[PDB]
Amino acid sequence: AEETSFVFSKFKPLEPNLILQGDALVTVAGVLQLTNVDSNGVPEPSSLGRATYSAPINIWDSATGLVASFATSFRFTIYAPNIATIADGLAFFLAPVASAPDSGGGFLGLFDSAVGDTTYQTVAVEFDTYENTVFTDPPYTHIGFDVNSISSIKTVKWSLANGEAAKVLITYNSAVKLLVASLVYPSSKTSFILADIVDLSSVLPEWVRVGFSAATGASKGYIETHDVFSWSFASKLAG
């Protein structure tokens, strides 16, 4: 097998194995603030940020035809000053090695429009806090699987626990082609899960970079934090 793994049980203000894009930064306290937060903890609108692990991950192989299994865990908080006006959300994603931030707000930095496009070569699990009816978003905050489109191929309800840390596990099984995403809140004891088959071979290039992307709302007051506290990842591509 070809394998890659890492663990950040915290982040550090100097973190050269993490490529930070847009407004993403690591605080002195070890938290990866994806979108802008001021000194009092107040999130800011019109914000887009991304963090990706610096080394490319081999996700499938042309000669053999085999695809990697992977698993990734992370712990994150979304705090909203007013839970009545929130946006836009965060996502864990795989994309080409040279990927740059796309459109912000509803596009979660990952897509440019409503339309499905094979050229994005982007698979993402989204944690979506704002309904874009333009994107067939469901009437509730939700988890979705985004395969070359911001119009999720599947979703499920996720009830946000304001300002509480959420623990996420995302897994992908090569043999079954099943992507599974689960979110638990230890404080509230609530838990949510989604599963769907996704063919990585037809969507991603052989080599990808993985990380996070998050956006705050375009309008004043539609603001929330996207704080990652910890992150671990492991892939295995069998020969």
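Sequential numbering from 1, following the sequence displayed.
- For the pair 112-120 and 163-171, the mean Cα B-factor is higher in 112-120.
- When the two stretches 64-72 and 199-207 are set side by side, the higher mean Cα temperature factor goes to 199-207.
- Between the residues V125, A87, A98, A80, the entry's highest C-alpha temperature factor is the one at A98.
- Among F107, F145, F92, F135, the highest C-alpha B-factor in the deposited entry belongs to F135.
- Sorting the modelled residues of the chain by their CA temperature factor places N17 in the middle third.
- In this PDB entry, the Cα temperature factor of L237 sits in the middle third of its chain's modelled residues.
- Ranked by Cα temperature factor within the chain, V176 sits in the highest third according to the deposited record.
- The deposited CA B-factor of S152 belongs to the middle third of values across its chain.
- In this PDB entry, the Cα temperature factor of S191 sits in the bottom third of its chain's modelled residues, the lowest group.
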